[PDB]
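Quick heads-up: the structure tokens below are two forms of one chain, split into structure 1 and structure 2.
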Structure 1
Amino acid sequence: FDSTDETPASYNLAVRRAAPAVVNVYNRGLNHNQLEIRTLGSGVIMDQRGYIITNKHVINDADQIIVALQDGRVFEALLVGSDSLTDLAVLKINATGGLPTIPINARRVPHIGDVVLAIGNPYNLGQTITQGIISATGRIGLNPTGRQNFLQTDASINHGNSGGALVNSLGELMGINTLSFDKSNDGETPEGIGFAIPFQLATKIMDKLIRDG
């Protein structure tokens, strides 16, 4: 066979569309005049004004919040506001050049079985893309998350992924990665159970935090 003309199966289109808007978020603290990285996570640039969604846990008790873009630009971020109920926080960067923004299709309904990519900075390795599916789109009854509206996914999520993007194969934002199941019942480590705040809610909470705080 000659595969030179065949095309490898790929979600690179989604990567090129979405990944430039996903940032590395650095929670710096003083411990001396010199600042040190205390926590790191990810964030998503939502619009051209410089508003960024991240996770509240990532940015709590920060003396300085740093945002690093995949294009090499580094900004100091301002905390616009945070919501403990949803674990979301909004940041603001002041930029000249123009900013990459996350694709959002407000009319897209996420479906269970949809291929998704998680985009973030696990263990400070640098931007990482992982692939899974939507395992669930919320819950009707009471469940161990205590919430009714999480997207669940088996796209590998690690420490440093929090605040980052979950996108479909088109690069459209599905959710903001927030949690990974860790409760081992009998020695066994949970595998491929992760949670994201649905994009519709993330949009709404951002808008309210921008205007109110």
Structure 2
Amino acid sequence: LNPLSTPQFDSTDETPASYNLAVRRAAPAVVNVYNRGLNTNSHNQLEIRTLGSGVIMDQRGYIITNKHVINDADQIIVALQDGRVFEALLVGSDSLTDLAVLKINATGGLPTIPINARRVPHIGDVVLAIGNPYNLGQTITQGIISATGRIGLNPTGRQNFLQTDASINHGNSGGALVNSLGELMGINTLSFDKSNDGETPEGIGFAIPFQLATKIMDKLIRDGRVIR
């Protein structure tokens, strides 16, 4: 076999501006989550009661999602972008953060979300939201970090939310907010649909910061509940 390498050939065209690198790194670890409930008022068949997204946090099969998504589920289904579908067990949940942890049991290696514990999110950072709006299939939307928390009391009622204008819709809750490197910045929350005044908000969404999310996950895995 010839010991010398052959030239590698590459595109002859200019490179389009793109966040595909972040997508390739992060999106395989973001799953579609389905809450199925027995329809008691029919023949007890399972049906999708609500849906959202989730993030595979480690190779063992632990997944973070939102508690409201999986509340009162008779069966929780997790679908990966490679086509695999699993039934998940509920490990635990925390109402104070609206986070829940699921566990799946898989034979083949699981993709995991990139996490850089030393990365500090900054206002103005470009972010991608990854989730399953309206069950159309995994969708990537792009925005920036609009705020990283609040000092004063405010309409979210919270002080540590990330805020973003990456389009968030029903189905995105529990999914990932990542930066342009594919690093997890947060877990997207429920969508903000209507203002107190009755206006339709545009480009206003919230996420639980990743540092808090991982801390809560670890507690739920270890103890099955958050003791404070």
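Under this definition, the rigid core comprises the largest set of C-alpha atoms superposing within 1.5 Å between the forms. Counting starts at 1 with the first residue of structure 1 and goes up one by one along its sequence.
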Quiz item: With the two forms aligned on the rigid core, which of the residues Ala155, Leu179, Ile66, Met46 moves its CA by 2 Å or more between the two structures?
Solution: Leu179
Self-check item: Cα displacement of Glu188 between the two structures, core-superposed (Å)
Solution: 2.8
Self-check item: Rigid core superposed, the C-alpha shift at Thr86 between the two structures in Å
Solution: 0.3
